[PDB]
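Engineer: The structure's right below; bear with me while I get my questions together.
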Amino acid sequence: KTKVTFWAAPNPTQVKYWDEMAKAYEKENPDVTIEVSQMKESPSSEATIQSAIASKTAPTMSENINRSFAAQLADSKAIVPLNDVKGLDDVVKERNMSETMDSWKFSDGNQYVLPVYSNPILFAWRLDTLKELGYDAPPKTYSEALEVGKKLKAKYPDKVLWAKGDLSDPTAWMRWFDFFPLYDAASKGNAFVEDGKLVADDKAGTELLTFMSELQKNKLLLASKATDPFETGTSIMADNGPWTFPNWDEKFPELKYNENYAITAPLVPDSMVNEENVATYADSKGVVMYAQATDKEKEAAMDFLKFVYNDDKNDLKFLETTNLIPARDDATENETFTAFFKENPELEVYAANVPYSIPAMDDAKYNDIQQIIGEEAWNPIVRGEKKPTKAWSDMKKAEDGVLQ
């Protein structure tokens, strides 16, 4: 008998999902044991994993791995290429996730992670406020956003377009919720950094900063502490993930999809007013397999995943219980999910955007790389301390430093 140890995310509901999958798999394969446990945060999941590698107590597999962290683990050879474990292609094929999987491809040609969920970062809009200003739908381009903004200030001078303290904070991860969604949309998914080199789209980058400076100049940004600004009326646009809906169900029950709030892709430059399928950043994590595992343990692990993704109903169950969007390309058209999306139209918009979203960069120094984005260009523009051109150049020069 072979034993696979599986470390699930630090959340009871997600752990239960995996455990139920494990028990059903064991009924079908009596010679294999899939032991699921909830990963400890000591103080974070990443430190728990780093410590296990060091003490040689890594499990066979764990989920909860984002692309940047996977790049660190791959560089130290603590995890193995999944494409070297028989069964990977079968999993990708059956779950209809080829486009999503392809976006994860690493610089060396290997795939180190099997994405579990992929939550595109979209933007919520206050339709009620937009209607008071004469609009029936959210603007799509930077210029349209600016005209909405002028009308907003004329009727409500204390309101802003975007209110979030994180906008002026240089913490690296925060960029995944402001800069990346807009940059990915403007550059049609440019990787910013790839294969250890700065491949940033200068045009998209500088025009995004120009747009932000205009918002800043017209008092359309609020980068200070503010409680529930979007829900209480201070702002009319907010970056938003699926996890916000259960919260609104509780605290803001009057917010209703397509009545008082809308969900859309990030704003794009005017030149792309006609583009369908706008890209954004995807908050996505998945499964990796540790080098410490034997080949039989690794194949057994992949066979388990093959079992899990052989029935579309399992992804439906994942979505309905964890509220995390499954990393597949066809959810909105697949009849398995029709009834659910019919009842949850707001989640359908998220599922519709998965194949066009781009995950975090596959570079081990993502922390310094991303902190520079905020410190040198984003935070200064939000605070009106630098001009767009100078900010972008200050950023590029600093990135070169980190990348040697």
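Identifiers in the structure tokens: chain A, B, ... in order shown; residue index from 1 per chain; ligand index from 1 in order shown.
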Considering only C-alpha atoms, tabulate each residue of stretch 177-210 of chain A that lies at most 6 Å from stretch 383-399 of chain A along with its nearest interatomic pair and the corresponding distance in Å to one decimal; arrange the rows by chain and ascending residue number and present them as a tab-separated table.
Structural biologist:
```
residue	atom	partner	partner_atom	distance
A:206	CA	A:388	CA	6.0
A:209	CA	A:388	CA	5.2
A:210	CA	A:388	CA	5.4
```
Engineer: Just N, CA and C atoms for this one: save the residues we selected as a PDB file, in the first residue's frame.
Structural biologist:
```pdb
ATOM      1  N   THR A 206       3.494  53.569 -18.865  1.00  0.00           N
ATOM      2  CA  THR A 206       3.505  55.013 -18.699  1.00  0.00           C
ATOM      3  C   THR A 206       2.118  55.628 -18.867  1.00  0.00           C
ATOM      4  N   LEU A 209       0.241  55.083 -15.626  1.00  0.00           N
ATOM      5  CA  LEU A 209       0.625  56.053 -14.619  1.00  0.00           C
ATOM      6  C   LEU A 209       0.050  57.431 -14.962  1.00  0.00           C
ATOM      7  N   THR A 210      -0.035  57.777 -16.243  1.00  0.00           N
ATOM      8  CA  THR A 210      -0.615  59.079 -16.617  1.00  0.00           C
ATOM      9  C   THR A 210      -2.088  59.142 -16.200  1.00  0.00           C
TER      10      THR A 210
END
```
Engineer: So that I can see what lies close to stretch 41-46 of chain A, please list as a list in words the residues with an atom at most 9 Å from it, counting only C-alpha atoms and leaving out residues fewer than 6 positions away in the same chain.
Structural biologist: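 That gives residues 9, 10, 64, 65 and 69 of chain A.
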Engineer: Write out as a Markdown table the residues of stretch 155-260 of chain A that have any atom within 9 Å of an atom of stretch 274-278 of chain A, one row each with the nearest atom pair and its distance in Å to one decimal, counting only C-alpha atoms, sorted by chain and then rising number.
Structural biologist:
```
| residue | atom | partner | partner_atom | distance |
| --- | --- | --- | --- | --- |
| A:184 | CA | A:278 | CA | 8.6 |
| A:185 | CA | A:278 | CA | 5.6 |
| A:186 | CA | A:278 | CA | 8.3 |
| A:188 | CA | A:278 | CA | 7.2 |
| A:189 | CA | A:278 | CA | 9.0 |
```
Engineer: Give me, as a tab-separated table, each residue of stretch 243-312 of chain A that comes within 12 Å of stretch 98-109 of chain A, together with its shortest interatomic pair and the distance in Å at one decimal, counting only C-alpha atoms, with rows ordered by chain and rising residue number.
Structural biologist:
```
residue	atom	partner	partner_atom	distance
A:279	CA	A:103	CA	11.8
A:281	CA	A:103	CA	11.2
A:282	CA	A:100	CA	10.1
A:284	CA	A:104	CA	9.9
A:285	CA	A:104	CA	10.4
A:286	CA	A:104	CA	10.6
```
Engineer: Would you tabulate, counting only C-alpha atoms, all residues of stretch 292-313 of chain A that have an atom at most 12 Å from an atom of stretch 334-344 of chain A, showing the closest pair of atoms and their distance in Å to one decimal, sorted by chain then ascending number, as a tab-separated table?
Structural biologist:
```
residue	atom	partner	partner_atom	distance
A:311	CA	A:336	CA	9.5
A:312	CA	A:336	CA	6.6
A:313	CA	A:336	CA	6.4
```
Engineer: Can you tell me, as a PyMOL selection string, what residues are no more than 8 Å from stretch 217-229 of chain A when counting only C-alpha atoms, ignoring any on the same chain fewer than 2 positions away?
Structural biologist: chain A and resi 149-150+159-168+213-215+231-235+382-384
Engineer: Just want the 9 Å neighbourhood of residue A:117, counted on only C-alpha atoms, with same-chain residues fewer than 4 positions away dropped. Output as a ChimeraX atom specification.
Structural biologist: /A:283-286,319,324-328
Engineer: Keeping only C-alpha atoms, take the residues you just selected and write them out as a PDB file, in the first residue's frame.
Structural biologist:
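Written file, again.pdb:
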```
ATOM      1  CA  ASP A 283      -5.233  35.436  -7.667  1.00  0.00           C
ATOM      2  CA  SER A 284      -4.535  31.736  -8.158  1.00  0.00           C
ATOM      3  CA  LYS A 285      -2.943  28.903  -6.171  1.00  0.00           C
ATOM      4  CA  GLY A 286      -2.493  25.204  -6.625  1.00  0.00           C
ATOM      5  CA  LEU A 319     -17.065  26.545  -6.021  1.00  0.00           C
ATOM      6  CA  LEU A 324     -13.212  30.072  -4.922  1.00  0.00           C
ATOM      7  CA  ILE A 325     -13.312  30.017  -8.713  1.00  0.00           C
ATOM      8  CA  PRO A 326     -12.147  26.718 -10.267  1.00  0.00           C
ATOM      9  CA  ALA A 327      -9.102  27.006 -12.557  1.00  0.00           C
ATOM     10  CA  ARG A 328     -10.842  25.796 -15.746  1.00  0.00           C
TER      11      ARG A 328
END
```
Engineer: How many Å lie between atom CA of residue A:173 and atom CA of residue A:203, rounded to one decimal?
Structural biologist: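 Separation of atom CA of residue A:173 and atom CA of residue A:203: 23.6 Å.
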Engineer: If DSSP is run on the backbone, what residues of stretch 129-306 of chain A are strand (DSSP E)? A reply as a ChimeraX atom specification would be ideal.
Structural biologist: /A:160-163,193-194,197-198,221-222,235-240,261-264,280-289
Engineer: Please identify all polymer residues within 10 Å of residue A:367, counting only C-alpha atoms, omitting same-chain residues fewer than 4 positions from it, and present them as a list in words.
Structural biologist: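 Here the qualifying residues turn out to be residues 68, 69, 171, 172, 173, 363, 371 and 372 of chain A.
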Engineer: Mind dumping the selected residues with N, CA and C atoms as a compact mmCIF listing (two decimals), in the first residue's frame?
Structural biologist:
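New file again10.txt:
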```
# COMPACT_ATOMS: atom_id res chain seq x y z
N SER A 68 4.73 32.67 -7.68
CA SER A 68 6.00 33.26 -7.26
C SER A 68 6.71 32.37 -6.24
N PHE A 69 5.95 31.88 -5.25
CA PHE A 69 6.50 30.99 -4.24
C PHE A 69 6.95 29.67 -4.90
N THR A 171 3.85 47.66 0.15
CA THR A 171 3.95 46.23 0.40
C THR A 171 3.72 45.49 -0.92
N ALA A 172 4.69 44.64 -1.26
CA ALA A 172 4.71 43.88 -2.51
C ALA A 172 3.41 43.20 -2.95
N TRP A 173 2.76 42.43 -2.07
CA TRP A 173 1.53 41.73 -2.47
C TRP A 173 0.39 42.64 -2.85
N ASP A 363 9.18 34.46 -10.65
CA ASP A 363 10.51 34.90 -10.33
C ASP A 363 10.60 34.88 -8.81
N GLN A 371 7.91 45.33 -4.71
CA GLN A 371 8.01 46.41 -3.74
C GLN A 371 8.53 47.67 -4.47
N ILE A 372 9.42 47.48 -5.43
CA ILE A 372 9.96 48.58 -6.24
C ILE A 372 8.87 49.26 -7.06
```
Engineer: Looking at only C-alpha atoms, which of A:195, A:329, A:348, A:315 is the one that sits closest to residue A:264?
Structural biologist: A:348
Engineer: Between A:73, A:378, A:153, A:110, which residue has the minimum interatomic distance to residue A:205, considering only C-alpha atoms?
Structural biologist: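 Ranked by minimum distance to residue A:205, first place goes to A:378.
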Engineer: Which residue gives the smallest distance to residue A:268 among A:254, A:249, A:144, A:26, with only C-alpha atoms counted?
Structural biologist: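 The shortest atom-to-atom distance to residue A:268 comes from A:144.
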Engineer: List the spatial neighbours of residue A:67 as a list in words - criterion: any atom at most 7 Å away, only C-alpha atoms, same-chain residues fewer than 2 positions off excluded.
Structural biologist: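 Using only C-alpha atoms, the neighbours found are residues 65, 69, 70, 71, 359, 360, 361 and 362 of chain A.
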Engineer: Keeping only N, CA and C atoms, write the selected residues as a PDB file, in the first residue's frame.
Structural biologist:
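Below is the file that was written, out_3.pdb:
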```
ATOM      1  N   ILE A  65      -0.199  26.932  -3.107  1.00  0.00           N
ATOM      2  CA  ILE A  65       1.062  27.502  -3.608  1.00  0.00           C
ATOM      3  C   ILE A  65       0.826  28.467  -4.770  1.00  0.00           C
ATOM      4  N   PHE A  69       5.953  31.882  -5.255  1.00  0.00           N
ATOM      5  CA  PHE A  69       6.498  30.986  -4.239  1.00  0.00           C
ATOM      6  C   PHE A  69       6.953  29.673  -4.899  1.00  0.00           C
ATOM      7  N   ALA A  70       6.175  29.190  -5.866  1.00  0.00           N
ATOM      8  CA  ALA A  70       6.565  27.982  -6.577  1.00  0.00           C
ATOM      9  C   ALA A  70       7.920  28.238  -7.259  1.00  0.00           C
ATOM     10  N   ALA A  71       8.143  29.443  -7.785  1.00  0.00           N
ATOM     11  CA  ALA A  71       9.455  29.734  -8.414  1.00  0.00           C
ATOM     12  C   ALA A  71      10.581  29.595  -7.371  1.00  0.00           C
ATOM     13  N   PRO A 359      -1.482  34.831 -13.967  1.00  0.00           N
ATOM     14  CA  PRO A 359      -1.071  34.661 -12.569  1.00  0.00           C
ATOM     15  C   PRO A 359       0.168  35.489 -12.224  1.00  0.00           C
ATOM     16  N   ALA A 360       0.619  35.374 -10.976  1.00  0.00           N
ATOM     17  CA  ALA A 360       1.775  36.088 -10.447  1.00  0.00           C
ATOM     18  C   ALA A 360       3.017  35.662 -11.202  1.00  0.00           C
ATOM     19  N   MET A 361       4.023  36.522 -11.213  1.00  0.00           N
ATOM     20  CA  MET A 361       5.278  36.262 -11.927  1.00  0.00           C
ATOM     21  C   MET A 361       6.043  35.069 -11.372  1.00  0.00           C
ATOM     22  N   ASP A 362       6.728  34.343 -12.261  1.00  0.00           N
ATOM     23  CA  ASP A 362       7.527  33.185 -11.841  1.00  0.00           C
ATOM     24  C   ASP A 362       8.965  33.597 -11.620  1.00  0.00           C
TER      25      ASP A 362
END
```
Engineer: What's the 10 Å shell around residue A:14, counting only C-alpha atoms, without same-chain residues fewer than 4 positions away, as a list in words?
Structural biologist: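 Within the cut-off, the hits are residues 8, 9, 10, 18, 19, 38, 318, 321, 322, 323 and 324 of chain A.
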Engineer: Using N, CA, C and O atoms, can you export the residues from the last selection as a PDB file, in the first residue's frame?
Structural biologist:
```pdb
ATOM      1  N   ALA A   8      -3.625  20.384   2.871  1.00  0.00           N
ATOM      2  CA  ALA A   8      -4.614  21.299   2.317  1.00  0.00           C
ATOM      3  C   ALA A   8      -4.447  22.694   2.935  1.00  0.00           C
ATOM      4  O   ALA A   8      -3.756  22.869   3.954  1.00  0.00           O
ATOM      5  N   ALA A   9      -5.121  23.670   2.325  1.00  0.00           N
ATOM      6  CA  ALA A   9      -5.091  25.057   2.756  1.00  0.00           C
ATOM      7  C   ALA A   9      -5.524  25.249   4.222  1.00  0.00           C
ATOM      8  O   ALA A   9      -6.216  24.406   4.795  1.00  0.00           O
ATOM      9  N   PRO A  10      -5.120  26.368   4.836  1.00  0.00           N
ATOM     10  CA  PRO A  10      -5.496  26.588   6.237  1.00  0.00           C
ATOM     11  C   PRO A  10      -6.943  27.077   6.436  1.00  0.00           C
ATOM     12  O   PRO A  10      -7.172  28.129   6.988  1.00  0.00           O
ATOM     13  N   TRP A  18     -11.213  18.372   0.210  1.00  0.00           N
ATOM     14  CA  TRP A  18     -10.156  17.420  -0.138  1.00  0.00           C
ATOM     15  C   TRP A  18     -10.297  16.078   0.568  1.00  0.00           C
ATOM     16  O   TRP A  18     -10.050  15.019  -0.021  1.00  0.00           O
ATOM     17  N   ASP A  19     -10.717  16.118   1.823  1.00  0.00           N
ATOM     18  CA  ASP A  19     -10.882  14.894   2.602  1.00  0.00           C
ATOM     19  C   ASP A  19     -11.997  14.021   2.022  1.00  0.00           C
ATOM     20  O   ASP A  19     -11.892  12.793   2.028  1.00  0.00           O
ATOM     21  N   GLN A  38      -4.947  19.767   7.544  1.00  0.00           N
ATOM     22  CA  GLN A  38      -5.004  21.204   7.377  1.00  0.00           C
ATOM     23  C   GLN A  38      -3.610  21.750   7.688  1.00  0.00           C
ATOM     24  O   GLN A  38      -3.041  21.488   8.729  1.00  0.00           O
ATOM     25  N   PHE A 318     -16.661  22.440  -5.255  1.00  0.00           N
ATOM     26  CA  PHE A 318     -15.566  23.298  -4.779  1.00  0.00           C
ATOM     27  C   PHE A 318     -16.013  24.762  -4.788  1.00  0.00           C
ATOM     28  O   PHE A 318     -15.859  25.486  -3.811  1.00  0.00           O
ATOM     29  N   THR A 321     -18.901  25.485  -2.124  1.00  0.00           N
ATOM     30  CA  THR A 321     -18.555  25.375  -0.733  1.00  0.00           C
ATOM     31  C   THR A 321     -17.448  26.313  -0.295  1.00  0.00           C
ATOM     32  O   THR A 321     -17.487  26.772   0.831  1.00  0.00           O
ATOM     33  N   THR A 322     -16.460  26.580  -1.157  1.00  0.00           N
ATOM     34  CA  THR A 322     -15.347  27.463  -0.794  1.00  0.00           C
ATOM     35  C   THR A 322     -15.478  28.869  -1.378  1.00  0.00           C
ATOM     36  O   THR A 322     -14.800  29.777  -0.936  1.00  0.00           O
ATOM     37  N   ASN A 323     -16.334  29.038  -2.380  1.00  0.00           N
ATOM     38  CA  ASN A 323     -16.528  30.333  -3.035  1.00  0.00           C
ATOM     39  C   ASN A 323     -15.260  30.769  -3.810  1.00  0.00           C
ATOM     40  O   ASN A 323     -15.035  31.956  -4.056  1.00  0.00           O
ATOM     41  N   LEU A 324     -14.423  29.807  -4.170  1.00  0.00           N
ATOM     42  CA  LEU A 324     -13.212  30.072  -4.922  1.00  0.00           C
ATOM     43  C   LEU A 324     -13.500  29.584  -6.340  1.00  0.00           C
ATOM     44  O   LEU A 324     -14.092  28.501  -6.534  1.00  0.00           O
TER      45      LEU A 324
END
```
Engineer: Taking only C-alpha atoms into account, which of A:28, A:169, A:239, A:375 comes nearest residue A:308?
Structural biologist: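 Looking only at the distances to residue A:308, the closest residue turns out to be A:28.
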Engineer: Could you pull out the residues in stretch 69-124 of chain A that DSSP calls helix (DSSP H, G or I) from the backbone, as a PDB file with C-alpha atoms, in the first residue's frame?
Structural biologist:
```pdb
ATOM      1  CA  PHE A  69       6.498  30.986  -4.239  1.00  0.00           C
ATOM      2  CA  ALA A  70       6.565  27.982  -6.577  1.00  0.00           C
ATOM      3  CA  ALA A  71       9.455  29.734  -8.414  1.00  0.00           C
ATOM      4  CA  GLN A  72      11.384  29.892  -5.098  1.00  0.00           C
ATOM      5  CA  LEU A  73      10.681  26.214  -4.366  1.00  0.00           C
ATOM      6  CA  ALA A  74      11.629  25.226  -7.917  1.00  0.00           C
ATOM      7  CA  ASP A  75      14.946  27.136  -7.754  1.00  0.00           C
ATOM      8  CA  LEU A  82       4.739  17.958 -12.729  1.00  0.00           C
ATOM      9  CA  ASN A  83       5.313  17.294 -16.406  1.00  0.00           C
ATOM     10  CA  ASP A  84       7.771  14.602 -15.236  1.00  0.00           C
ATOM     11  CA  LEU A  88      -0.356  15.342 -15.796  1.00  0.00           C
ATOM     12  CA  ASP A  89      -1.646  15.750 -19.347  1.00  0.00           C
ATOM     13  CA  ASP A  90      -4.709  13.568 -18.480  1.00  0.00           C
ATOM     14  CA  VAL A  91      -5.622  15.900 -15.607  1.00  0.00           C
ATOM     15  CA  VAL A  92      -5.204  19.079 -17.708  1.00  0.00           C
ATOM     16  CA  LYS A  93      -7.166  17.590 -20.574  1.00  0.00           C
ATOM     17  CA  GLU A  94     -10.145  16.268 -18.573  1.00  0.00           C
ATOM     18  CA  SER A  98      -5.309  23.913 -21.076  1.00  0.00           C
ATOM     19  CA  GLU A  99      -5.378  27.738 -21.520  1.00  0.00           C
ATOM     20  CA  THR A 100      -5.273  28.357 -17.744  1.00  0.00           C
ATOM     21  CA  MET A 101      -2.449  25.823 -17.278  1.00  0.00           C
ATOM     22  CA  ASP A 102      -0.434  27.265 -20.165  1.00  0.00           C
ATOM     23  CA  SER A 103      -0.383  30.746 -18.496  1.00  0.00           C
TER      24      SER A 103
END
```
